[PDB]
Amino acid sequence: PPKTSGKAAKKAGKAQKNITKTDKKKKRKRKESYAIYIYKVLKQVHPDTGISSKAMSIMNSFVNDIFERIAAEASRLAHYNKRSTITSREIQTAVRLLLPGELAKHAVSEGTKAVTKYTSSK
Amino acid sequence: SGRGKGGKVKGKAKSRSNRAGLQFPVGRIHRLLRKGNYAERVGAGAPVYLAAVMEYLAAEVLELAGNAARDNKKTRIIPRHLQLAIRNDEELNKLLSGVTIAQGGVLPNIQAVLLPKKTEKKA
């Protein structure tokens with residue numbers, strides 16, 4: 001609206017892009033994010049509950065690691081079949097290798113829903 | 001422009017192919033998987049299942065975190081819950097671990113971490 005941004009960042013930096021609380025915290029080579037997923041699922045389980053930006057930063061890193069660990073099993077299984085591709089076969093087994101069967105049976109059902117609704121998110 | 005907004009600008013760049021949010025496209029997923037030497041390609045339908053699994057995991061974590069936040073009479077979950085309550089859950093801790101100090105039983109490898117016997121001693 002009349003009166004536009006006077007300064008721009010692009011210059012030499014002292015500390016990391018001389019950021020002081022104004023922007024989004026960018027560090028530790030973090031690139032893009034599951035924030036959309038977490039913020040979407042959060043309100044489906046706990047709508048009245050919210051989350052701090054600090055917690056979100058750690059939460060995303062925590063939940064991501066969980067998937068990373070499962071992805072490792074996928075590569076492990078594919079290695080037995082002498083392949084380098086991830087399919088439902090690996091996913092289903094990978095989850096059952098780390099996550100208890102009681103919970104694993106819930107994950108499978110959730111996946112079936114996603115494939116039937118053709119939605120890559122809840 | 002200088003004079004004003006001559007054309008139609010909207011997003012970060014001008015292309016029909018554009019990414020609205022911080023989402024991860026198939027190409028980026030493949031790149032990450034290859035960077036970790038996990039897989040080269042993904043089967044059709046698998047990304048849909050992968051997403052569901054991820055959302056399921058997140059749901060469980062958010063359930064515990066959200067409940068814990070309310071216990072502390074907080075409207076928004078604080079980082080203290082992630083370093084305390086979330087660290088107490090054995091299920092989450094199990095999947096959050098890799099081969100290091102053995103927590104659970106799942107240690108992928110040839111034998112058990114303790115080893116069923118001793119080795120040979122030389123005289």
# chains A, B, ... in the order shown; residues from 1 in each chain; ligands from 1

$ residues_around --residues "region 93-98 of chain B" --least-positions-apart "5" --cutoff "7 Å" --atoms "only C-alpha atoms" --output "NGL selection string"
(:A and (65-66 or 69 or 98)) or (:B and (87 or 104))

$ write_last_selection --atoms "C-alpha atoms" --output "PDB file, in the first residue's frame"
ATOM      1  CA  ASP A  65      13.567 -38.943  12.289  1.00  0.00           C
ATOM      2  CA  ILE A  66      10.890 -41.555  12.945  1.00  0.00           C
ATOM      3  CA  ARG A  69      14.342 -44.843  10.728  1.00  0.00           C
ATOM      4  CA  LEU A  98       9.838 -51.354  14.363  1.00  0.00           C
TER       5      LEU A  98
ATOM      6  CA  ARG B  87      11.341 -38.776  25.956  1.00  0.00           C
ATOM      7  CA  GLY B 104      14.960 -52.186  22.700  1.00  0.00           C
TER       8      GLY B 104
END

$ interface_residues --of "chain B" --to "chain A" --cutoff "6 Å" --atoms "only C-alpha atoms" --output "PDB file with N, CA and C atoms, in the first residue's frame"
ATOM      1  N   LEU B  22       5.640 -25.500   1.429  1.00  0.00           N
ATOM      2  CA  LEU B  22       6.878 -26.195   1.776  1.00  0.00           C
ATOM      3  C   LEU B  22       6.728 -27.706   1.607  1.00  0.00           C
ATOM      4  N   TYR B  38      18.956 -44.859   0.149  1.00  0.00           N
ATOM      5  CA  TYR B  38      17.858 -45.712   0.571  1.00  0.00           C
ATOM      6  C   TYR B  38      17.231 -46.401  -0.632  1.00  0.00           C
ATOM      7  N   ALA B  39      16.835 -45.609  -1.617  1.00  0.00           N
ATOM      8  CA  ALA B  39      16.214 -46.140  -2.820  1.00  0.00           C
ATOM      9  C   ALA B  39      16.428 -45.203  -3.996  1.00  0.00           C
ATOM     10  N   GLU B  40      16.261 -45.729  -5.198  1.00  0.00           N
ATOM     11  CA  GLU B  40      16.425 -44.940  -6.407  1.00  0.00           C
ATOM     12  C   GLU B  40      15.070 -44.476  -6.925  1.00  0.00           C
ATOM     13  N   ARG B  41      14.082 -45.356  -6.828  1.00  0.00           N
ATOM     14  CA  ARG B  41      12.738 -45.053  -7.297  1.00  0.00           C
ATOM     15  C   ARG B  41      11.697 -45.514  -6.286  1.00  0.00           C
ATOM     16  N   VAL B  42      10.471 -45.056  -6.481  1.00  0.00           N
ATOM     17  CA  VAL B  42       9.359 -45.419  -5.621  1.00  0.00           C
ATOM     18  C   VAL B  42       8.223 -45.977  -6.479  1.00  0.00           C
ATOM     19  N   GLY B  43       7.564 -47.017  -5.987  1.00  0.00           N
ATOM     20  CA  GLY B  43       6.479 -47.623  -6.731  1.00  0.00           C
ATOM     21  C   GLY B  43       5.218 -46.784  -6.707  1.00  0.00           C
ATOM     22  N   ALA B  46       2.788 -46.148  -3.566  1.00  0.00           N
ATOM     23  CA  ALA B  46       3.621 -46.155  -2.373  1.00  0.00           C
ATOM     24  C   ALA B  46       3.655 -44.779  -1.693  1.00  0.00           C
ATOM     25  N   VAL B  48       1.466 -42.598  -1.512  1.00  0.00           N
ATOM     26  CA  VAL B  48       0.179 -42.419  -0.853  1.00  0.00           C
ATOM     27  C   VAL B  48       0.190 -43.132   0.496  1.00  0.00           C
ATOM     28  N   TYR B  49       0.750 -44.337   0.507  1.00  0.00           N
ATOM     29  CA  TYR B  49       0.846 -45.130   1.724  1.00  0.00           C
ATOM     30  C   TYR B  49       1.851 -44.498   2.680  1.00  0.00           C
ATOM     31  N   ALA B  51       2.655 -41.410   2.989  1.00  0.00           N
ATOM     32  CA  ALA B  51       2.056 -40.230   3.595  1.00  0.00           C
ATOM     33  C   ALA B  51       1.143 -40.626   4.746  1.00  0.00           C
ATOM     34  N   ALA B  52       0.339 -41.660   4.526  1.00  0.00           N
ATOM     35  CA  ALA B  52      -0.585 -42.143   5.543  1.00  0.00           C
ATOM     36  C   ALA B  52       0.169 -42.615   6.782  1.00  0.00           C
ATOM     37  N   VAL B  53       1.269 -43.334   6.567  1.00  0.00           N
ATOM     38  CA  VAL B  53       2.089 -43.826   7.669  1.00  0.00           C
ATOM     39  C   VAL B  53       2.637 -42.655   8.477  1.00  0.00           C
ATOM     40  N   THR B  75      -2.086 -23.950  26.836  1.00  0.00           N
ATOM     41  CA  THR B  75      -2.905 -23.953  25.637  1.00  0.00           C
ATOM     42  C   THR B  75      -2.068 -24.422  24.452  1.00  0.00           C
ATOM     43  N   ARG B  76      -0.795 -24.047  24.466  1.00  0.00           N
ATOM     44  CA  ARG B  76       0.134 -24.430  23.416  1.00  0.00           C
ATOM     45  C   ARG B  76       1.244 -25.290  23.997  1.00  0.00           C
ATOM     46  N   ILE B  77       1.573 -26.370  23.306  1.00  0.00           N
ATOM     47  CA  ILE B  77       2.625 -27.274  23.749  1.00  0.00           C
ATOM     48  C   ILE B  77       3.975 -26.561  23.749  1.00  0.00           C
ATOM     49  N   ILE B  78       4.723 -26.720  24.832  1.00  0.00           N
ATOM     50  CA  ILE B  78       6.032 -26.095  24.957  1.00  0.00           C
ATOM     51  C   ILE B  78       7.139 -27.126  24.728  1.00  0.00           C
ATOM     52  N   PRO B  79       8.358 -26.670  24.370  1.00  0.00           N
ATOM     53  CA  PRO B  79       9.506 -27.559  24.106  1.00  0.00           C
ATOM     54  C   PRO B  79       9.837 -28.489  25.272  1.00  0.00           C
ATOM     55  N   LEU B  95      11.592 -45.970  17.981  1.00  0.00           N
ATOM     56  CA  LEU B  95      11.701 -45.584  16.578  1.00  0.00           C
ATOM     57  C   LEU B  95      12.627 -44.383  16.403  1.00  0.00           C
ATOM     58  N   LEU B  96      12.838 -43.634  17.480  1.00  0.00           N
ATOM     59  CA  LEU B  96      13.714 -42.466  17.441  1.00  0.00           C
ATOM     60  C   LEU B  96      15.171 -42.866  17.644  1.00  0.00           C
TER      61      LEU B  96
END
